[PDB]
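For reference, the structure discussed in these notes is given below.
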Amino acid sequence: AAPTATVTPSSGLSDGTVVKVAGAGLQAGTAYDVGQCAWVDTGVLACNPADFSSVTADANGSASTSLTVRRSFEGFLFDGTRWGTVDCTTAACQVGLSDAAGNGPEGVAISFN
């Protein structure tokens with residue numbers, strides 16, 4: 001299940017933009033892995049280790065991190081495959097954070113336009 005996190009508006013924002021991400025109701029004391037992934041194909045989305053951050057939720061089960069918005073970058077498929085340079089300005093991207101098990105708060109649906 002995805003927790004409740006408040007992220008800033010990153011839809012229609014070009015490089016340099018900063019998208020805030022605050023989790024609320026997530027595993028307390030649990031680690032999360034945030035990153036900017038762009039959908040390349042059906043069920044196939046690339047990830048960019050250039051905008052991958054990290055953070056840990058406090059006892060309150062709330063975390064706070066900043067996600068860098070990129071216009072485009074190497075779409076690193078979670079599977080560990082090189083999809084290709086994705087164009088966030090061509091499709092809708094989203095940020096998120098994964099822990100050891102690979103869990104995180106309600107995915108972050110974003111876009112560029």
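Letters A, B, ... mark the chains of the structure tokens in the order given; residue numbers begin at 1 per chain; ligand numbers begin at 1, in order shown.
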
- Message: With only C-alpha atoms as the counted atoms, please give the residues lying no more than 12 Å from residue 80 of chain A, apart from itself and same-chain residues fewer than 2 positions off, as a list in words.
- Response: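 Non-adjacent residues within range: residues 44, 45, 46, 47, 48, 49, 74, 75, 76, 77, 78, 82, 83 and 84 of chain A.
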
Those residues you just picked out, can you put them in a file as a short mmCIF file (atom, residue, chain, number, x, y, z; two decimals), in the first residue's frame with N, CA, C and O atoms?
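What landed in again-v8.cif:
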```cif
data_model
loop_
_atom_site.label_atom_id
_atom_site.label_comp_id
_atom_site.auth_asym_id
_atom_site.auth_seq_id
_atom_site.Cartn_x
_atom_site.Cartn_y
_atom_site.Cartn_z
N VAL A 44 6.79 -0.73 -18.97
CA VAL A 44 8.23 -0.58 -19.02
C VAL A 44 8.60 0.89 -18.85
O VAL A 44 8.37 1.70 -19.75
N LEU A 45 9.18 1.23 -17.70
CA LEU A 45 9.58 2.59 -17.42
C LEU A 45 11.06 2.63 -17.05
O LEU A 45 11.53 1.78 -16.29
N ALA A 46 11.78 3.62 -17.58
CA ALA A 46 13.20 3.76 -17.30
C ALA A 46 13.40 4.59 -16.04
O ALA A 46 12.53 5.37 -15.67
N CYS A 47 14.55 4.41 -15.39
CA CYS A 47 14.86 5.15 -14.17
C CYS A 47 16.14 5.94 -14.36
O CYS A 47 17.01 5.54 -15.13
N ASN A 48 16.26 7.06 -13.65
CA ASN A 48 17.44 7.90 -13.75
C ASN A 48 18.12 8.00 -12.39
O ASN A 48 17.57 8.60 -11.46
N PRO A 49 19.31 7.40 -12.27
CA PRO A 49 20.10 7.40 -11.05
C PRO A 49 20.68 8.78 -10.82
O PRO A 49 21.38 9.00 -9.83
N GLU A 74 18.87 9.10 -19.15
CA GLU A 74 18.92 7.68 -19.46
C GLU A 74 17.83 6.94 -18.70
O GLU A 74 17.81 6.95 -17.47
N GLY A 75 16.92 6.30 -19.44
CA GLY A 75 15.84 5.56 -18.83
C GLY A 75 16.33 4.21 -18.33
O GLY A 75 16.33 3.23 -19.08
N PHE A 76 16.76 4.15 -17.07
CA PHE A 76 17.25 2.93 -16.48
C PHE A 76 16.08 2.09 -15.98
O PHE A 76 15.55 2.34 -14.90
N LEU A 77 15.68 1.09 -16.77
CA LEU A 77 14.58 0.21 -16.40
C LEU A 77 14.87 -0.45 -15.06
O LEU A 77 15.96 -0.97 -14.85
N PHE A 78 13.89 -0.42 -14.16
CA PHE A 78 14.04 -1.02 -12.85
C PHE A 78 14.64 -2.41 -12.98
O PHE A 78 15.45 -2.82 -12.15
N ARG A 82 18.91 -0.85 -19.93
CA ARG A 82 19.04 0.49 -20.46
C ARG A 82 17.98 0.72 -21.53
O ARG A 82 18.20 0.38 -22.70
N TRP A 83 16.84 1.29 -21.14
CA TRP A 83 15.77 1.56 -22.08
C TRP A 83 16.23 2.57 -23.11
O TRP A 83 16.20 2.30 -24.31
N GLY A 84 16.65 3.75 -22.65
CA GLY A 84 17.11 4.80 -23.54
C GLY A 84 16.79 6.17 -22.96
O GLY A 84 15.99 6.28 -22.04
#
```

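In this model, the gap between atom CA of residue 15 of chain A and atom CA of residue 109 of chain A comes to 17.2 Å.
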
How close does each residue of segment 21-69 of chain A get to segment 98-103 of chain A, giving the shortest atom pair and distance in Å to one decimal for every residue with an atom at most 6 Å away, counting only C-alpha atoms, sorted by chain and residue number, as JSON lines?
```
{"residue": "A:31", "atom": "CA", "partner": "A:99", "partner_atom": "CA", "distance": 5.1}
{"residue": "A:32", "atom": "CA", "partner": "A:99", "partner_atom": "CA", "distance": 4.3}
{"residue": "A:33", "atom": "CA", "partner": "A:98", "partner_atom": "CA", "distance": 3.4}
```

Pull C-alpha atoms from the residues just selected and write them as a tab-separated table (two decimals), in the first residue's frame.
```
chain	number	residue	atom	x	y	z
A	31	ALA	CA	13.67	3.42	4.63
A	32	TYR	CA	12.48	4.59	1.22
A	33	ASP	CA	14.17	5.06	-2.15
```

- Message: Can you tell me, as a PyMOL selection string, which residues in chain A count as strand (DSSP E or B) by DSSP?
- Response: chain A and resi 4-7+18-24+31-41+44-56+62-68+72-77+81-87+93-96+108-109

Could those selected residues go to a file with C-alpha atoms, as a PDB file, in the first residue's frame?
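Below is the file that was written, part39.pdb:
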```pdb
ATOM      1  CA  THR A   4       0.095   9.684   1.928  1.00  0.00           C
ATOM      2  CA  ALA A   5       2.861  12.003   0.740  1.00  0.00           C
ATOM      3  CA  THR A   6       2.538  15.635  -0.332  1.00  0.00           C
ATOM      4  CA  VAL A   7       4.732  16.538  -3.303  1.00  0.00           C
ATOM      5  CA  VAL A  18      12.396  21.056  -7.551  1.00  0.00           C
ATOM      6  CA  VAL A  19       9.602  18.646  -6.628  1.00  0.00           C
ATOM      7  CA  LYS A  20       8.945  18.182  -2.912  1.00  0.00           C
ATOM      8  CA  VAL A  21       7.933  14.771  -1.574  1.00  0.00           C
ATOM      9  CA  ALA A  22       6.508  14.299   1.919  1.00  0.00           C
ATOM     10  CA  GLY A  23       5.243  10.872   2.969  1.00  0.00           C
ATOM     11  CA  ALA A  24       2.426  10.573   5.505  1.00  0.00           C
ATOM     12  CA  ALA A  31      13.666   3.423   4.632  1.00  0.00           C
ATOM     13  CA  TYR A  32      12.476   4.594   1.217  1.00  0.00           C
ATOM     14  CA  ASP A  33      14.171   5.057  -2.154  1.00  0.00           C
ATOM     15  CA  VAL A  34      13.083   8.080  -4.187  1.00  0.00           C
ATOM     16  CA  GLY A  35      13.870   8.505  -7.882  1.00  0.00           C
ATOM     17  CA  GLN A  36      12.564   9.907 -11.165  1.00  0.00           C
ATOM     18  CA  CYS A  37      11.354   7.260 -13.612  1.00  0.00           C
ATOM     19  CA  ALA A  38       9.866   7.825 -17.065  1.00  0.00           C
ATOM     20  CA  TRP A  39       7.487   5.416 -18.791  1.00  0.00           C
ATOM     21  CA  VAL A  40       9.163   4.192 -21.976  1.00  0.00           C
ATOM     22  CA  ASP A  41       6.868   1.313 -22.927  1.00  0.00           C
ATOM     23  CA  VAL A  44       8.227  -0.578 -19.019  1.00  0.00           C
ATOM     24  CA  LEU A  45       9.583   2.592 -17.417  1.00  0.00           C
ATOM     25  CA  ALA A  46      13.200   3.759 -17.303  1.00  0.00           C
ATOM     26  CA  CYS A  47      14.855   5.145 -14.174  1.00  0.00           C
ATOM     27  CA  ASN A  48      17.441   7.898 -13.746  1.00  0.00           C
ATOM     28  CA  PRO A  49      20.096   7.396 -11.052  1.00  0.00           C
ATOM     29  CA  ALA A  50      20.900  11.070 -11.614  1.00  0.00           C
ATOM     30  CA  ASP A  51      17.748  12.077  -9.740  1.00  0.00           C
ATOM     31  CA  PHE A  52      17.572   9.214  -7.246  1.00  0.00           C
ATOM     32  CA  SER A  53      17.503  10.402  -3.636  1.00  0.00           C
ATOM     33  CA  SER A  54      17.073   8.642  -0.293  1.00  0.00           C
ATOM     34  CA  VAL A  55      15.390   9.315   3.048  1.00  0.00           C
ATOM     35  CA  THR A  56      14.085   7.607   6.184  1.00  0.00           C
ATOM     36  CA  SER A  62       6.630  10.704   7.950  1.00  0.00           C
ATOM     37  CA  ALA A  63       9.544  11.505   5.644  1.00  0.00           C
ATOM     38  CA  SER A  64      10.697  14.487   3.585  1.00  0.00           C
ATOM     39  CA  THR A  65      12.945  14.638   0.524  1.00  0.00           C
ATOM     40  CA  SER A  66      13.534  16.727  -2.597  1.00  0.00           C
ATOM     41  CA  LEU A  67      13.231  15.264  -6.094  1.00  0.00           C
ATOM     42  CA  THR A  68      15.099  16.918  -8.961  1.00  0.00           C
ATOM     43  CA  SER A  72      15.341  13.954 -20.112  1.00  0.00           C
ATOM     44  CA  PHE A  73      17.873  11.315 -19.073  1.00  0.00           C
ATOM     45  CA  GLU A  74      18.925   7.683 -19.456  1.00  0.00           C
ATOM     46  CA  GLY A  75      15.836   5.556 -18.830  1.00  0.00           C
ATOM     47  CA  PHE A  76      17.249   2.926 -16.476  1.00  0.00           C
ATOM     48  CA  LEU A  77      14.584   0.215 -16.402  1.00  0.00           C
ATOM     49  CA  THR A  81      18.041  -2.591 -18.465  1.00  0.00           C
ATOM     50  CA  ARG A  82      19.036   0.488 -20.459  1.00  0.00           C
ATOM     51  CA  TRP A  83      15.767   1.558 -22.077  1.00  0.00           C
ATOM     52  CA  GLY A  84      17.109   4.799 -23.544  1.00  0.00           C
ATOM     53  CA  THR A  85      17.214   8.562 -23.021  1.00  0.00           C
ATOM     54  CA  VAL A  86      13.643   9.362 -21.990  1.00  0.00           C
ATOM     55  CA  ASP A  87      12.083  12.766 -22.650  1.00  0.00           C
ATOM     56  CA  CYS A  93       7.237  11.016 -15.363  1.00  0.00           C
ATOM     57  CA  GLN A  94       6.869  10.200 -11.667  1.00  0.00           C
ATOM     58  CA  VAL A  95       9.088  10.125  -8.580  1.00  0.00           C
ATOM     59  CA  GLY A  96       9.249   7.562  -5.778  1.00  0.00           C
ATOM     60  CA  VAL A 108       4.231   9.946  -7.365  1.00  0.00           C
ATOM     61  CA  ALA A 109       2.379  10.655 -10.610  1.00  0.00           C
TER      62      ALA A 109
END
```

- Of the candidates A:57, A:112, A:70, A:13, which one gets nearest to residue 97 of chain A if we count only C-alpha atoms?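 Using only C-alpha atoms, residue 97 of chain A sits closest to A:57.
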
- Out of A:26, A:8, A:89, A:16, which residue has the shortest atom-to-atom distance to residue 105 of chain A when counting only C-alpha atoms?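 Once distances to residue 105 of chain A are computed over only C-alpha atoms, the minimum belongs to A:26.
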
- Tell me which of A:27, A:113, A:42, A:90 sits closest to residue 11 of chain A, counting only C-alpha atoms. A:113

- Return the single residue from A:59, A:9, A:88, A:110 that is closest to residue 29 of chain A, with distances computed using only C-alpha atoms.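 Residue with the minimum atom-to-atom distance to residue 29 of chain A: A:59.
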
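The gap separating atom CA of residue 71 of chain A from atom CA of residue 104 of chain A is 23.7 Å, in Å to one decimal.
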
- Note on the structure: Pairwise distance, atom CA of residue 30 of chain A with atom CA of residue 111 of chain A, equals 27.4 Å
